[PDB]
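Dropping in the first section of the assembly, placed as in the complex:
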Amino acid sequence: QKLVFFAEXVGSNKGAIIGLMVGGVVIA
Amino acid sequence: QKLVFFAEXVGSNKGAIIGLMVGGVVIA
Amino acid sequence: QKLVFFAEXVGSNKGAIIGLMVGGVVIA
Amino acid sequence: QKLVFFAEXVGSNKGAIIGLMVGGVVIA
């Protein structure tokens, strides 16, 4: 699994980025 | 699984980006 | 599975982007 | 699993970035 986040400017993350989710609880 | 997020300007994430979801609960 | 999200300007994510959904609950 | 976060400008993280989630609880 290859994930790319290129943002020429204002690159921000406020949610949930998950390569693989097998279980558990994620709240963003 | 190759995922590309290119944003020339204002690139933001506030939801849920999941490459593979096998279980669990994800709330954005 | 190749996913491309190119946005020349204002690229934002607020929903759910899932390459493969096998189970669980995803609430955007 | 290769994850890239390149941001030419203002690159910030305020949410949840998880390579692999098997269990537990994550709140951003």
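That came in fine, so what should we check first? Residues are numbered from 1 along each chain as shown, chains lettered A, B, ... in the order given.

For the rest of this, base every contact and every neighbour count on C-alpha atoms.
Noted.

The helix or strand where residue A:4 lies relative to strand B:2-7, how many degrees between them?
Per DSSP states H and E, residue A:4 falls inside strand A:2-6. Calculated by axes from the mean of the first three to the mean of the last three Cα atoms, to 10 degrees, strand A:2-6 forms an angle of 0 degrees with strand B:2-7.

Check whether strand A:2-6 comes near chain D.
Yes: using Cα under 8 Å from any Cα of the partner chain, strand A:2-6 reaches chain D at A:2, A:3, A:4, A:5, A:6.

Surely residue A:14 and residue D:13 touch.
Yes: counting by Cα atoms under 8 Å, residue D:13 is a contact partner of residue A:14 at 6.4 Å.

Mind checking which of the two has more residues around it?
residue A:14 (21 against 14; other Cα atoms under 10 Å in any protein chain shown).

OK, contacts around that one?
By Cα atoms under 8 Å, 6 or more residues apart in numbering or on different chains, the contact set of residue A:14 is A:28, B:12, B:13, B:14, B:15, D:13, D:14, D:15, D:16, D:28.

Recalculate using a threshold of 7 Å.
Residue A:14 sits next to B:13, B:14, D:13, D:14, D:15 when contact means Cα atoms under 7 Å, 6 or more residues apart in numbering or on different chains.

include chain E as well:
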Amino acid sequence: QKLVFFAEXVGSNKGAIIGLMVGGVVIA
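Once chain E is put in with the chains from before, the structure reads:
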């Protein structure tokens, strides 16, 4: 698992970055 955080400018982290999450509770 290779995770890259390159930011040519202001690179900051205020959320939760987890290589592998098997258990426990994380609040960002």
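
again for the contacts of residue A:14, since chain E is there now?
So residue A:14 contacts B:13, B:14, D:13, D:14, D:15 (Cα under 7 Å, 6+ apart).

Next: residue A:24.
Contact partners of residue A:24, counting by Cα under 7 Å, 6+ apart, are B:24, B:25, D:21, D:22, D:23, D:24, D:25.

and the last one, bridged to which residues?
In other words, residue D:25. Beta bridges link residue D:25 to residue A:25, residue E:25, judged by DSSP bridges.

just checking, it touches residue A:25?
Yes: counting by Cα atoms under 7 Å, residue D:25 does reach residue A:25; the two are 4.8 Å apart.

residues near residue A:25, how many?
By other Cα under 10 Å, neighbour count at residue A:25 equals 22.

In terms of helix, strand or coil, where does the spatially most central residue of chain A fall?
Nearest to the mean C-alpha position of chain A, counting by Cα atoms, centre = their mean, stands residue A:17 at 1.8 Å. Following DSSP: H, G, I helix; E, B strand; the rest coil, residue A:17 is assigned to strand.

Residue A:23 too?
coil.

ok now do residue A:11, which residues does it touch?
Neighbour list for residue A:11: B:10, B:11, B:12, D:7, D:10, D:11, D:12 [criterion: Cα under 7 Å, 6+ apart].

same deal with residue A:25?
The contact partners of residue A:25, taken as Cα under 7 Å, 6+ apart, are B:24, B:25, B:26, D:24, D:25, D:26.

Chain F follows; place it on the structure:
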Amino acid sequence: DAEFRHXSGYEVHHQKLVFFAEXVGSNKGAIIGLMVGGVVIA
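Okay, chain F now, added to the rest:
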């Protein structure tokens, strides 16, 4: 697995309420004698 659950139990009895209105003009909000729980958006 997430589990969301809520709600309330009300037990109201054996009460005497005298409601008298001799001069409420052009009311546009809320006029409540007695409010046990619930949501009021005036």
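
can you check the neighbour count of residue A:25 again with chain F included?
24.

try residue A:4
Applying other Cα under 10 Å, I find that residue A:4 has 17 neighbouring residues.

my read: it touches residue B:5, true?
Yes: using Cα under 7 Å, residue A:4 makes contact with residue B:5 at a distance of 5.9 Å.

near chain B, which residues of chain A?
Applying Cα under 7 Å from any Cα of the partner chain, one finds that chain A approaches chain B through A:1-28.

any bit of the strand holding residue A:4 sitting next to chain C?
No: Strand A:2-6 lies apart from chain C when judged by Cα under 7 Å from any Cα; the minimum separation is 9.7 Å.

What pairs with that strand, parallel or antiparallel?
With DSSP bridges as the test, strand A:2-6 pairs up with strand B:2-7 (parallel), strand D:2-6 (parallel).

buried sites along the first one?
Along strand B:2-7, these residues count as buried under the neighbour rule (16 or more other Cα atoms under 10 Å in any protein chain shown): B:3, B:4, B:5, B:6, B:7.

Can you pick out the most distant pair from those?
Farthest apart among these by Cα to Cα are B:3 and B:7. That separation is 13.1 Å.

related to what we said a few turns ago, pairing partners for the residue nearest to the centre of chain A in the sheet, please.
Beta-bridge partners, per DSSP bridges, of residue A:17: residue B:17, residue D:17.

Nothing else from me, thank you.
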